[PDB]
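Report on one structure; see the data block that follows.
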Amino acid sequence: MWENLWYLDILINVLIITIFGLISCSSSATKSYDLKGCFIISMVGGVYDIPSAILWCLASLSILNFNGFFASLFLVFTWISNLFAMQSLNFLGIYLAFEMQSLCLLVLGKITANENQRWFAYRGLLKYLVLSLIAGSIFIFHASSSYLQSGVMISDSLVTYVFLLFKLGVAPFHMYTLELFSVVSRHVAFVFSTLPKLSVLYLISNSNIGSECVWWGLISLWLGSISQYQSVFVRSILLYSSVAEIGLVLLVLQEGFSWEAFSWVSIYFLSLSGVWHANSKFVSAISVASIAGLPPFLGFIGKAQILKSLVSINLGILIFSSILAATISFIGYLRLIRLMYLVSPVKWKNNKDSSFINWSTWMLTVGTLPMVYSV
Amino acid sequence: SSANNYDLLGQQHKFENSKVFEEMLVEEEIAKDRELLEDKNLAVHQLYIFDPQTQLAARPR
Amino acid sequence: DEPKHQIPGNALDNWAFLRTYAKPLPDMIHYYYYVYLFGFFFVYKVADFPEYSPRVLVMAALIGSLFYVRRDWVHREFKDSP
Amino acid sequence: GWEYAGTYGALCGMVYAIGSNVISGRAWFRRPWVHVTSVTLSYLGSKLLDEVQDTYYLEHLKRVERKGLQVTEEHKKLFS
Amino acid sequence: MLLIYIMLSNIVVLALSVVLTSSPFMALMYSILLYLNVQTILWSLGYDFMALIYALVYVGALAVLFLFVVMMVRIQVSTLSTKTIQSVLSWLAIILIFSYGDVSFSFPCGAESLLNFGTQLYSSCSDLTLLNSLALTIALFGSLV
Amino acid sequence: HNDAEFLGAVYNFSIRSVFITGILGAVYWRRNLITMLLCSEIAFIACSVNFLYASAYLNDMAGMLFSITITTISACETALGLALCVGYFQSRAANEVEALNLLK
Amino acid sequence: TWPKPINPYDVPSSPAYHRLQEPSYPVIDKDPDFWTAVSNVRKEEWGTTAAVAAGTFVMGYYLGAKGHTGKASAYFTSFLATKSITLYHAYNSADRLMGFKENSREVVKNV
Amino acid sequence: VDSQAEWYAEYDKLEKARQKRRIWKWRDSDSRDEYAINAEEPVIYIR
Amino acid sequence: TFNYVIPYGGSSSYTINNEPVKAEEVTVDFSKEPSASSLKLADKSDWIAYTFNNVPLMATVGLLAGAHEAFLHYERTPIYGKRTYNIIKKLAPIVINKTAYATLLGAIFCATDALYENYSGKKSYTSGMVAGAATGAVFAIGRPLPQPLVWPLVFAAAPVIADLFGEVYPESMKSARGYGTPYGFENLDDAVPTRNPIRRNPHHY
Ligand SMILES: CCCCCCCCCCCCCCCCCC(=O)OC[C@H](COP(=O)([O-])OCC(O)COP(=O)([O-])OC[C@@H](COC(=O)CCCCCCCCCCCCCCCCC)OC(=O)CCCCCCCCCCCCCCCCC)OC(=O)CCCCCCCCCCCCCCCCC
Ligand SMILES: CCCCCCCCCCCCCCCCCC(=O)OC[C@H](COP(=O)([O-])OCC(O)COP(=O)([O-])OC[C@@H](COC(=O)CCCCCCCCCCCCCCCCC)OC(=O)CCCCCCCCCCCCCCCCC)OC(=O)CCCCCCCCCCCCCCCCC
Ligand SMILES: CCCCCCCCCCCCCCCCCC(=O)OC[C@H](COP(=O)([O-])OCC(O)COP(=O)([O-])OC[C@@H](COC(=O)CCCCCCCCCCCCCCCCC)OC(=O)CCCCCCCCCCCCCCCCC)OC(=O)CCCCCCCCCCCCCCCCC
Ligand SMILES: CCCCCCCCCCCCCCCCCC(=O)OC[C@H](COP(=O)([O-])OCC(O)COP(=O)([O-])OC[C@@H](COC(=O)CCCCCCCCCCCCCCCCC)OC(=O)CCCCCCCCCCCCCCCCC)OC(=O)CCCCCCCCCCCCCCCCC
Ligand SMILES: CCCCCCCCCCCCCCCCCC(=O)O[C@@H](COC(=O)CCCCCCCCCCCCCCC)COP(=O)(O)OCC[N+](C)(C)C
Ligand SMILES: CCCCCCCCCCCCCCCCCC(=O)O[C@@H](COC(=O)CCCCCCCCCCCCCCC)COP(=O)(O)OCC[N+](C)(C)C
Ligand SMILES: CCCCCCCCCCCCCCCCCC(=O)O[C@@H](COC(=O)CCCCCCCCCCCCCCC)COP(=O)(O)OCC[N+](C)(C)C
Ligand SMILES: CCCCCCCCCCCCCCCCCCCC(=O)O[C@H](COC(=O)CCCCCCCCCCCCCC)COP(=O)(O)OCCN
């Protein structure tokens, strides 16, 4: 019964915080900082390893910039779903966790839209829903065939590999991100383009979900780079950068380089924090430099990990493609710098809520030299 | 017309300047929680409808 | 006044060419739905494909890139006609 | 591990304070309390990161020795 | 045996009727009949509680939500009939292509016990039921706002 | 010669046809969103029935559990999606004509 | 074959999660209760509990005062964190009694 | 200023760093599923 | 060297050789050997057989490209309006012509490659360059002036890239290990492994 207590404490924590927030709901505290701190404390009871501590760190940094009890509660729900995705041992765990996370995404997207933004945000949420239904239905049908044929539910199969390709957002499965994250709140796009990936990477590494095929990561890299270079809108540029990088990280993870992808996801979270929560041009400039992989900042270390892992596996086509696609993506990042300082006078909203933005920029500048051992 | 327009202008400026400090600070908080309450998906908005001039609960929703 | 690039073509003819892009726009979910479905089934079938030489794979990629038509190209040139 | 971690951390705390002032439009000397706090926390954090790195270095050494990597006493000295 | 075959065969016609009809209200009726036929299929496999669950959750509750939405969003979809012969046979050919030559296994009969099912749901697989309850709570909180 | 083998093949054919009709039916026959979600429910029911069938075949409880999980998750997804559909239809502008039928 | 008889009232059941490990250390108690585990919590662990309680009281007051509810937030946060850390310590002490974790002090103190 | 000592100390530092890196590059899979490759690792599963 | 007086780098004696020493005591391989199907498809002995084995890739790619274009057309046609013309009569030529022309280009490429290798008798870069040149020439039969030059060059360059990074690159760096002692330098005192690291199992997807 003692082993069950570890999981049960997290429930009891979440429930009592929920009922306390429901009772203590007032206009005097619309920004419920106290429940945010309570949620952060409660999520410490789920840390058991380094990857779980990274999950906690990103979850807390995300919950800081959500406003209200309700959105923070659904971020806690996303954290629970992610924690169970890491611990899933067969098909049922994978399914339960990931469509719980999909439900949390739908709710978070719906509740952060204004009345004037409903026409496009609800359309994007609906399109995401239907595509996710396609993915889940195919997954569970093939899972039924596999469970019939083998008599057991084993998470080392092609079915879960393709389902996790959909979850990662690689090669033919990246369009839901483009449609949904273009029309949703910037924080929602930021937290759901970084945090979900860590659980999928952990599941792939631990449960041996790797394929010999390199087509999908190659397609992700080339398509992401070329579409980023051809995209006029800034949101599409940032969204396609993730497709390219996650294709490259998928190629690295299949070969067993778990440590490097676990560092890359964290450095990418920190790098994307500043450009998505754009309040200052200089912070966004450093963030864009970090995403490009540029040397003075921590983003150079994260990209260097992946590239260094590539030369070890000694696949020439991947390296050649990596160089050319990296140049193509660099052109789009340079477009982003040009738009801020070299096109026209720029005036932005004075949204002085840089909770972890200054800390993230400081970490990007500073952290390069301490982490140099990694590469 | 200039004379009359500046009469109305003077009435407005006199109204703004003549408020006491405690009222000014209270009005600053009114503006602030007006900005915080702009999001209509907040849990409290489901609870109540707030008076526009002073963001106090006027009637339940 | 400054030296400027010569723009080929007449102003109204170029504007008429550009106005052929103003056509009823389908929503992208219809393309995305089919691509997702056939892509899932395609990834399932790929694991059963025979191993091809790298040279043939690269030539197939080149042919596919050359044969790919941008969605805007069909948009401008589409005619609801036999 | 690194023998210059604490000095680096103090300098980087200065980096935090001055950068935060500059981004907000203030001068580098403004909000003096932020400087002391940033320096102290950054120094402590840099130290702690160094011990964490050393500890996982040693854990990896134990694992590889169990697996069969014939590390010598000098190689065992490389990992503090 | 003839009854089992008739139900297994009727499921495909009741699925085809849903997509073919142009009225959203009629498709819901066909789906309700499909759900009842799915209950009836589950009876041949030896499940009573599970087949009850399909009827209670889907026919009893989900269809009511669907029809509530359908009346609210009522739209004129009697625009035209596009069910040309050429389209319907193309759909049937696609269906035949997808559903052919797959691995088939002998029809089982397995008696279930809700005693064993309850014991496992609340002792050994208790992690599953609480996460399903959390998912229901997520749906409740999200839909009500 | 064996009724069970014949019934097994018929069941496989039928369940696969139901799945493919659910997933591709509403998009092939261009329909509104409400029909798309109903066909998605049909496909999920097909998969859950396959899992119950496998449970009967192997005398195992895993498929029973996965099927109740499918029922719960599908119902929650449909509720949220119907919420989004109703909200989408309430924000339609007068000029918009078939808002629900994006597949047109 | 024949159905095995089932006794409805005694049907074999087990908790959901299991620790797959044979006890390395001596087993003081095979199945400790909650109170047995709490009685075996070390003094240092209790001091850690008290320190967390005080720190979370101060932090809860600080955060709640920004929302004009300092006292209630402070008490709720204190109770929350104290409960969580006390359960963590009780789980560790129960593992020590079961022999999974080091138990030399425990075996000396309660023979 | 003993240039010989400085040169040899610097070279020794670099050579030690290389040895440490090559030890650090010796990595088997840490996957929880992979009990064969890690058979000797001391682990407990709570599942 | 880092000095202006004597040449940089070094030289190795050609007379002196160093006995090979194993990177580890016991070698465990997670890289699977080529399948018999791969060797069958790679076999260029019979040019007709080689062509017929490798064309399904080209036909597949042409079919996807034609399906993409045909769906772009189909998506646009209005369902609400009844159309006098037959849509499939419009759409089938697209897919069929794309697939046929792709298959023809791939057939020229594979046939010329196998024929050149048989006649030359050696596996070389030149076979791929000549097959690509012929394929690009067929691509630009009636095309305007830059294209007679550019397509033979691009189609010839593609097999060069495939050979350089698909065959030469892997074979050049087989020996390099990354663990234990550097492949050239075993005299140096580095930790020597009993077994090579297995970062992943042999794949099976
Ligand atoms: C202070 C001492 C710390 C030193 C050692 C730490 C261990 C002791 C933990 C003590 C706690 C200190 C926390 C520090 C680390 C946290 C780890 C941890 O906690 O668990 C690990 C620890 C044992 O796991 P392990 O040591 O990792 O070994 C297991 C295996 O080796 C499997 O694990 P593995 O993954 O490590 O396997 C080895 C791995 C080797 O992996 C490594 O080498 C690790 C490298 C170090 C990375 C450090 C960064 C990680 C970021 C996380 C930040 C920590 C957040 C703290 C969260 C917990 C707070 C307590 O090899 C791999 O290939 C796997 C890949 C690993 C990931 C790749 C690393 C990249 C990280 C990302 C870096 C990217 C840069 C970002 C920017 C940085 C720029 C400077 O578990 C515990 O000891 C118990 C955890 C209990 C936590 C909380 C429970 C107490 C409170 C309960 C009640 C709570 C409610 C009341 C609240 C009260 C307050 C109000
Ligand atoms: C009924 C449903 C209809 C679909 C039917 C098929 C259904 C799918 C079934 C299975 C799907 C999985 C496999 C399909 C391919 C994966 C792509 C995908 O699914 O992403 C979702 C994609 C939609 O995603 P999206 O985000 O909405 O669209 C992003 C674009 O911005 C879209 O916006 P955009 O169209 O307006 O802009 C297009 C843009 C987008 O950019 C791309 O297309 C990137 C493609 C680059 C190559 C991709 C990686 C290739 C690696 C292949 C790996 C296998 C071989 C391994 C070895 C190869 C080594 C390289 O590219 C262009 O601007 C046009 C040029 C296209 C190629 C550019 C490279 C040219 C190089 C040639 C140089 C020669 C010129 C020399 C002379 C120059 C004079 C100065 O759906 C599709 O496009 C599927 C259509 C299937 C047709 C593909 C035909 C051949 C496929 C195999 C050949 C591989 C080459 C790729 C060709 C282009 C493919 C896009
Ligand atoms: C590097 C490689 C990388 C590897 C890993 C890296 C590691 C990663 C993690 C590392 C992270 C580092 C980067 C992040 C840094 C953290 C951010 C940060 O800097 O603070 C942000 C935060 C931003 O402040 P803000 O911009 O004004 O915005 C907040 C608003 O006011 C909002 O207003 P509010 O309503 O929220 O007000 C709440 C708050 C915010 O309120 C304020 O901040 C207003 C200012 C606080 C009062 C002024 C502080 C008085 C002492 C300051 C000493 C400055 C000396 C300079 C001039 C010399 C004067 C002789 O009030 C507090 O200060 C709470 C703390 C309570 C302490 C108050 C002072 C107690 C009396 C003094 C105690 C001891 C006195 C001994 C000597 C005193 C004379 C030297 O700064 C603080 O909150 C300051 C908290 C602490 C105050 C300083 C106390 C230091 C103790 C005196 C020095 C004694 C020596 C120190 C050692 C011994 C310690 C006892
Ligand atoms: C303990 C006792 C104390 C003793 C002191 C010891 C303390 C140690 C150091 C502490 C000193 C404080 C550090 C300065 C903090 C603020 C710096 C700043 O804001 O920059 C401009 C600032 C002056 O700008 P501003 O006129 O006041 O207006 C700025 C407005 O906010 C925005 O104006 P805007 O909107 O018009 O933007 C126009 C922008 C045009 O737009 C752009 O060009 C953007 C381009 C993206 C970044 C540039 C990429 C290339 C940067 C290369 C790095 C330069 C060093 C190269 C050496 C190679 C290193 C590998 O042009 C510029 O901003 C200046 C261009 C050149 C500056 C670029 C270098 C800045 C790097 C990042 C700064 C650190 C921020 C940390 C954040 C802290 C938390 C928020 O500082 C300078 O006067 C020159 C920059 C000084 C560079 C030192 C910073 C260290 C970075 C090196 C990285 C090495 C790792 C870090 C280790 C550091 C030692 C531990
Ligand atoms: C070895 C370290 C390197 C590895 C890095 C990863 C490890 C991270 C370690 C350091 C983490 C530091 C994180 C810094 C976050 C910055 C603090 C912050 O965000 O404060 C917010 C907090 O905002 C909130 O929402 C408050 C609610 C939560 C309050 C904090 C909760 C504390 C919970 C207890 C956590 C204790 C840990 C539990 C036990 C481990 C306040 O900012 P705002 O008021 O929202 O806007 C700022 C406006 N402007 C700057 C422009 C003036
Ligand atoms: C994020 C995770 C999501 C999924 C979580 C799955 C993990 C949780 C699974 C467990 C759910 C809660 C079930 C209770 C957990 C602890 C077990 C327990 O306390 O019950 C005792 C039952 O025994 C007791 O300890 C009685 C005292 C119980 C007091 C209450 C403790 C449990 C409270 C549960 C919380 C529910 C309260 C309402 C929720 C707010 C164990 O049974 P036995 O000891 O074998 O039977 C007793 C016979 N004998 C002692 C002689 C061996
Ligand atoms: C120096 C040790 C003793 C310190 C005395 C405090 C001990 C009291 C028990 C703990 C209570 C909480 C500790 C205070 C921390 C934050 C409280 C706070 O937020 O301060 C103000 C407002 O917030 C601030 O001003 C920021 C203060 C930040 C902390 C500055 C004090 C630093 C020392 C206090 C904590 C030291 C440790 C406490 C004991 C461990 C609260 O505003 P009100 O809710 O209106 O209550 C005031 C009551 N009345 C107006 C009616 C008179
Ligand atoms: C990125 C490299 C791509 C090449 C770019 C060249 C310019 C593109 C123009 C397109 C022309 C088609 C490509 C031809 C390049 C090959 C060079 C020709 C040399 C040559 O014919 O010798 C062959 C070997 O060289 C070879 O085929 C292998 C040589 C590798 C090419 C050179 C690599 C470095 C070039 C980088 C320049 C700067 C990069 C910017 C593009 C024959 O050899 P054999 O074995 O068949 O003997 C014959 C027994 N029958």
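Residues are referred to by chain and number: the chain letter is A, B, ... according to the order shown in the structure tokens, the number counts from 1 in that chain, and ligands are numbered separately from 1 in the order shown.
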Using DSSP assignments from the backbone, pull out every residue in range 3-100 of chain F that falls under alpha helix (DSSP H) and give it to me as a VMD selection string. chain F and resid 3 to 28 33 to 58 62 to 90
Could you please extract the residues within 7 Å of ligand 6, counting only C-alpha atoms and all ligand atoms, and hand them back as a ChimeraX atom specification? /A:1-2,4-5,7-8,10-12,80 /E:126-128,130-131 /G:16,33
Which residues form the shell of 7 Å around ligand 4 when you count only C-alpha atoms and all ligand atoms, given as an MDAnalysis selection string? (chainID A and resid 281:282 285:286 289 295:296 341 358:359 361:362 365:366 368) or (chainID D and resid 8 10:12 14:20 22:25)
Around ligand 1, at most 6 Å away and counting only C-alpha atoms and all ligand atoms, which residues are there? Put them as a PDB file with N, CA and C atoms, in the first residue's frame, please.
```
ATOM      1  N   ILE A  41       4.565  23.447  -5.452  1.00  0.00           N
ATOM      2  CA  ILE A  41       4.977  22.566  -4.360  1.00  0.00           C
ATOM      3  C   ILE A  41       4.444  21.156  -4.577  1.00  0.00           C
ATOM      4  N   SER A  42       3.175  21.040  -4.976  1.00  0.00           N
ATOM      5  CA  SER A  42       2.571  19.723  -5.143  1.00  0.00           C
ATOM      6  C   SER A  42       3.278  18.921  -6.227  1.00  0.00           C
ATOM      7  N   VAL A  44       6.334  18.811  -6.813  1.00  0.00           N
ATOM      8  CA  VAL A  44       7.627  18.295  -6.368  1.00  0.00           C
ATOM      9  C   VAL A  44       7.511  16.850  -5.898  1.00  0.00           C
ATOM     10  N   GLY A  45       6.321  16.422  -5.477  1.00  0.00           N
ATOM     11  CA  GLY A  45       6.123  15.049  -5.050  1.00  0.00           C
ATOM     12  C   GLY A  45       6.142  14.027  -6.162  1.00  0.00           C
ATOM     13  N   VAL A  47       8.696  14.133  -8.563  1.00  0.00           N
ATOM     14  CA  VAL A  47      10.058  14.083  -9.082  1.00  0.00           C
ATOM     15  C   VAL A  47      10.748  12.840  -8.536  1.00  0.00           C
ATOM     16  N   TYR A  48      11.184  11.956  -9.436  1.00  0.00           N
ATOM     17  CA  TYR A  48      11.916  10.760  -9.049  1.00  0.00           C
ATOM     18  C   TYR A  48      13.266  10.606  -9.735  1.00  0.00           C
ATOM     19  N   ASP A  49      13.503  11.292 -10.851  1.00  0.00           N
ATOM     20  CA  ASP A  49      14.760  11.203 -11.587  1.00  0.00           C
ATOM     21  C   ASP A  49      15.104  12.586 -12.123  1.00  0.00           C
ATOM     22  N   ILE A  50      16.137  12.648 -12.960  1.00  0.00           N
ATOM     23  CA  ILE A  50      16.494  13.879 -13.662  1.00  0.00           C
ATOM     24  C   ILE A  50      15.440  14.252 -14.701  1.00  0.00           C
ATOM     25  N   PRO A  51      14.989  13.344 -15.583  1.00  0.00           N
ATOM     26  CA  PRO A  51      13.949  13.753 -16.544  1.00  0.00           C
ATOM     27  C   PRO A  51      12.675  14.243 -15.878  1.00  0.00           C
ATOM     28  N   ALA A  53      12.627  15.754 -12.995  1.00  0.00           N
ATOM     29  CA  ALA A  53      12.955  17.078 -12.474  1.00  0.00           C
ATOM     30  C   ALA A  53      12.934  18.128 -13.577  1.00  0.00           C
ATOM     31  N   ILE A  54      13.327  17.749 -14.792  1.00  0.00           N
ATOM     32  CA  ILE A  54      13.205  18.651 -15.931  1.00  0.00           C
ATOM     33  C   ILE A  54      11.739  18.917 -16.236  1.00  0.00           C
ATOM     34  N   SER A 258      20.078   9.438 -25.860  1.00  0.00           N
ATOM     35  CA  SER A 258      19.026  10.001 -25.014  1.00  0.00           C
ATOM     36  C   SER A 258      19.494  11.254 -24.278  1.00  0.00           C
ATOM     37  N   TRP A 259      20.727  11.241 -23.768  1.00  0.00           N
ATOM     38  CA  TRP A 259      21.234  12.358 -22.973  1.00  0.00           C
ATOM     39  C   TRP A 259      21.208  13.663 -23.763  1.00  0.00           C
ATOM     40  N   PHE A 262      17.664  15.040 -24.283  1.00  0.00           N
ATOM     41  CA  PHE A 262      17.156  15.573 -23.025  1.00  0.00           C
ATOM     42  C   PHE A 262      17.792  16.914 -22.683  1.00  0.00           C
ATOM     43  N   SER A 263      19.039  17.148 -23.099  1.00  0.00           N
ATOM     44  CA  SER A 263      19.596  18.490 -22.932  1.00  0.00           C
ATOM     45  C   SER A 263      19.038  19.461 -23.969  1.00  0.00           C
ATOM     46  N   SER A 266      15.557  21.018 -23.143  1.00  0.00           N
ATOM     47  CA  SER A 266      15.601  22.073 -22.135  1.00  0.00           C
ATOM     48  C   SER A 266      16.189  23.359 -22.701  1.00  0.00           C
ATOM     49  N   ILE A 267      17.278  23.242 -23.462  1.00  0.00           N
ATOM     50  CA  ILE A 267      17.877  24.435 -24.046  1.00  0.00           C
ATOM     51  C   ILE A 267      16.911  25.076 -25.041  1.00  0.00           C
ATOM     52  N   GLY A 367      24.924  30.399 -19.578  1.00  0.00           N
ATOM     53  CA  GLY A 367      25.061  28.965 -19.371  1.00  0.00           C
ATOM     54  C   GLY A 367      25.999  28.257 -20.325  1.00  0.00           C
ATOM     55  N   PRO A 370      29.496  27.014 -18.422  1.00  0.00           N
ATOM     56  CA  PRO A 370      29.359  25.871 -17.503  1.00  0.00           C
ATOM     57  C   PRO A 370      29.047  24.548 -18.190  1.00  0.00           C
ATOM     58  N   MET A 371      28.232  24.559 -19.246  1.00  0.00           N
ATOM     59  CA  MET A 371      27.787  23.347 -19.931  1.00  0.00           C
ATOM     60  C   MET A 371      28.694  22.950 -21.084  1.00  0.00           C
TER      61      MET A 371
ATOM     62  N   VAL D  52      26.816  18.799  -8.835  1.00  0.00           N
ATOM     63  CA  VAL D  52      25.905  17.883  -9.520  1.00  0.00           C
ATOM     64  C   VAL D  52      26.617  17.203 -10.686  1.00  0.00           C
ATOM     65  N   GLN D  53      27.354  17.991 -11.474  1.00  0.00           N
ATOM     66  CA  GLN D  53      28.111  17.423 -12.586  1.00  0.00           C
ATOM     67  C   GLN D  53      29.123  16.396 -12.093  1.00  0.00           C
ATOM     68  N   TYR D  56      27.377  13.043 -11.004  1.00  0.00           N
ATOM     69  CA  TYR D  56      26.964  12.159 -12.091  1.00  0.00           C
ATOM     70  C   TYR D  56      28.160  11.638 -12.883  1.00  0.00           C
TER      71      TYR D  56
ATOM     72  N   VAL G  52      10.102  23.015   6.773  1.00  0.00           N
ATOM     73  CA  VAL G  52       9.256  23.199   5.595  1.00  0.00           C
ATOM     74  C   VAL G  52       7.940  23.863   5.978  1.00  0.00           C
ATOM     75  N   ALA G  81       2.177  21.375   2.368  1.00  0.00           N
ATOM     76  CA  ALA G  81       3.564  20.941   2.265  1.00  0.00           C
ATOM     77  C   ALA G  81       3.942  20.022   3.419  1.00  0.00           C
ATOM     78  N   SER G  84       2.590  16.573   2.648  1.00  0.00           N
ATOM     79  CA  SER G  84       3.347  15.887   1.605  1.00  0.00           C
ATOM     80  C   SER G  84       4.687  15.378   2.127  1.00  0.00           C
ATOM     81  N   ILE G  85       5.428  16.224   2.846  1.00  0.00           N
ATOM     82  CA  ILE G  85       6.749  15.815   3.314  1.00  0.00           C
ATOM     83  C   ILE G  85       6.635  14.750   4.402  1.00  0.00           C
ATOM     84  N   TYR G  88       6.160  11.549   2.661  1.00  0.00           N
ATOM     85  CA  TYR G  88       7.436  11.110   2.097  1.00  0.00           C
ATOM     86  C   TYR G  88       8.312  10.447   3.159  1.00  0.00           C
TER      87      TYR G  88
END
```
Given 8 Å and only C-alpha atoms and all ligand atoms, residues near ligand 8 as a PyMOL selection string: chain I and resi 120+122-127+129+153-158+160-161+164
